[PDB]
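Engineer: kindly return the folded structure for what I paste below:
(5 chains)
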Amino acid sequence: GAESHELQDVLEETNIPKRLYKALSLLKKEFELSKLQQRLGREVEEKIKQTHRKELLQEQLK
Amino acid sequence: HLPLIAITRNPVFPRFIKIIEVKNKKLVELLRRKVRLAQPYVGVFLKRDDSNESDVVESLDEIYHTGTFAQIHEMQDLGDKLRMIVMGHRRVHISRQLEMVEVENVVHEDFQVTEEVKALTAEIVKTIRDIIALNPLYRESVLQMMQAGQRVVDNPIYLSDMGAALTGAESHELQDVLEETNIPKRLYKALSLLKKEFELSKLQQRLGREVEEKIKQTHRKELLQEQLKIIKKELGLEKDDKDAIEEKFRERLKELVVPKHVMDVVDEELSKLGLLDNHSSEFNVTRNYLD
Amino acid sequence: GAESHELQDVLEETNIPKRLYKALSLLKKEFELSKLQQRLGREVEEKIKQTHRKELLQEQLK
Amino acid sequence: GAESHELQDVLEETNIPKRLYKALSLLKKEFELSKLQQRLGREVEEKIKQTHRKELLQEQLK
Amino acid sequence: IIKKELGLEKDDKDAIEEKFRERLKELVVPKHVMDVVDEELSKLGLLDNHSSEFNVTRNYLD
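Structural biologist: Numbers count the residues shown, from 1 in each chain, chains lettered A, B, ... in the order given. Shown next is the structure:
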């Protein structure tokens, strides 16, 4: 998912190790972004489950 | 030679136990008269369009000439005084119910070569299984008890009739099926009617499930909004109560040399405001009073 | 969807062209039967479709 | 799940049948509490599911 | 990430929030009604499209 600028920079690289390492670093960056979004989503989803659960717990107390 | 039984919206599918409960107590006399008979029996017929109780006792042509003679089983009378048990045993078609003469004109003609005749039975049972799975109407134990491979099906016509009984088609469709004399015609009509009934039933169920799907989609869009809104609550809302209505009015009243009764009244009003949801009209009235 | 007797008759044929022609004839017969059944089904579905859409609207109302 | 006091009381008992009966009674007590908890939980979950279905049926009422 | 998230959910209501904001753009308008409209649009976004109270709020906004 790296921007087109990153792809252009990868193209600028000449040596095979350089270009492949930059592509691998970009892939790791993609994982970092995806995992950040996933962690935020899962944390907020546990909290929203708990928020609905709180009305359910007031219902249990009821 | 007995008076026609008042079906009163109680269809009796072939080889299917059904219960008839007519409010009128006149049939009670008829039922009690036949108790003395060594072999009690009850006549089963089907009503035509535009059901009318008065026409039943006025004209006998309303009831279809078709009928299903069967033996009475037993009397229960649990809640009401009439709980007739009607079963499909022997179909009959009276030439003229006006004139009682009857004949067992049951037609079950079949071809000598029987290799593909039962092939359609496999498709019929598969369709019935699909319908009951997607449109559950009765328990599955009946299907297990009556399996086409068991070879115990000595009456394929009756099996087809029971399978088509699951159809939710109007009684007019059943009458049209009965009018058919050729076996292929009736079988084809039965399966097509079954598919139509399933379509209607699935429509009714689909609306109910679709409401849940929209609610889930709304909650899911709101859930993604809640994820970004939690990040904002840390960041954008700043988890800071200052600049809010509560704190805004607190700072507004901060610089005034204020009595104490007003302070307790304002504390009560702020407690309500926090308890009160923002959208509610009571919340707006409370906000205006606080202003 | 031919009968088991039809399959036995096909097996009875020895020459490859003869069995191929018999299989093609069986396919033609089965296709003709299926087409006739489908056309009859379409005609009957149209006849039932003569039921006015007012009936469908009344069903939705109910 | 019996408290340590119950375990001490069981230890005080010397007759094997007495301690066996006390252990069975403690097991029955825990079973009763757990069954009550499970029944209440399922009842509340059914009530919340019925509340969601009641919202659906209120839309249908609209 | 913050600004992309804000952009994705920028509109309180679909095809309504932006329309009313652009309608207000040409207006040299007092601050009081701006804050009132901001609160009303926040509530609008919080509410769902087909609510009767949402309908009354929409009519008031119009």
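
Engineer: what's the nearest residue in chain A when you look at chain C?
Structural biologist: residue A:52 (34.7 Å; CB to the nearest CB). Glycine gets a C-beta too; all of them are placed from N, C-alpha and C.

Engineer: so how far is chain E from that residue?
Structural biologist: From residue A:52 across to chain E, the span is 17 Å (CB to the nearest CB, to the nearest Å).

Engineer: that residue sits in which helix or strand?
Structural biologist: Residue A:52 is part of helix A:16-61 when elements are defined by DSSP states H and E.

Engineer: okay, angle between that helix and helix B:183-234 too, please.
Structural biologist: Helix A:16-61 and helix B:183-234 are oriented at 100 degrees to each other (axes from the mean of the first three to the mean of the last three CA atoms, to 10 degrees).

Engineer: would helix A:16-61 count as contacting chain D?
Structural biologist: Yes. For helix A:16-61, a contact with chain D is found by CB under 8 Å from any CB of the partner chain, at A:56, A:59-60.

Engineer: coming back round to it: quick one: contacts for the residue of chain A closest to chain C?
Structural biologist: Counting by CB atoms under 8 Å, 6 or more residues apart in numbering or on different chains, residue A:52 touches no other residue.

Engineer: if you rank the residues of helix A:16-61 next to chain D by neighbours, which is first?
Structural biologist: residue A:56 (18 neighbours; other CB atoms under 10 Å in any protein chain shown).

Engineer: was I right to think that residue contacts residue D:46?
Structural biologist: No. Applying CB atoms under 8 Å, one finds residue A:56 not in contact with residue D:46, separated by 11.8 Å.

Engineer: turn the residues of helix A:16-61 next to chain D into CSV, including distance to chain E.
Structural biologist: Shown next, in CSV, are the residues of helix A:16-61 next to chain D (distance: CB to the nearest CB, whole Å):
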residue, distance to chain E
A:56, 22
A:59, 23
A:60, 27
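
Engineer: out of the residues you listed, which comes closest to chain B?
Structural biologist: Distance to chain B, by CB to the nearest CB, is smallest for residue A:56 among the residues of helix A:16-61 next to chain D, at 15.2 Å.

Engineer: the closest residue to that closest one other than its chain neighbours: how many residues sit nearby?
Structural biologist: Nearest-residue entry for residue A:56: residue D:48, 5.9 Å, with adjacent residues in sequence omitted and distances by CB to CB, 6 or more residues apart in numbering or on different chains. Around residue D:48 there are 15 other residues, counting by other CB under 10 Å.

Engineer: pretty sure residue D:48 contacts residue A:60?
Structural biologist: No. If you go by CB under 8 Å, residue D:48 and residue A:60 don't touch, sitting 9.8 Å apart.

Engineer: can you tell me which residue is spatially central in chain A?
Structural biologist: For chain A, the residue sitting closest to the mean C-alpha position, by CA atoms, centre = their mean, is residue A:34 at 1.9 Å.

Engineer: what secondary structure does residue A:2 sit in?
Structural biologist: coil (DSSP: H, G, I helix; E, B strand; the rest coil).

Engineer: neighbours of the residue nearest to it when sequence neighbours are not counted, just the number please.
Structural biologist: Nearest residue to residue A:2, sequence neighbours excluded (CB to CB, 6+ apart): residue A:26, at 4.4 Å. Neighbour count for residue A:26, taken as other CB under 10 Å: 17.

Engineer: name the nearest residue to the closest residue to chain B within chain A, sequence neighbours excluded.
Structural biologist: For chain A and chain B, the shortest gap (CB to the nearest CB) falls at residue A:44, measuring 4.3 Å. Excluding the flanking residues, the one nearest residue A:44 by CB to CB, 6+ apart is residue B:227, at 4.3 Å.

Engineer: for the residue of chain A found nearest chain D, give me its contacts.
Structural biologist: In chain A, no residue comes nearer to chain D than residue A:60, which is 5.0 Å away by CB to the nearest CB. Contact analysis of residue A:60 by CB under 8 Å, 6+ apart lists D:40-41, D:44.

Engineer: now the residues you listed: which count as buried?
Structural biologist: The neighbour-count test (16 or more other CB atoms under 10 Å in any protein chain shown) marks residue D:44 as buried among the contacts of residue A:60.
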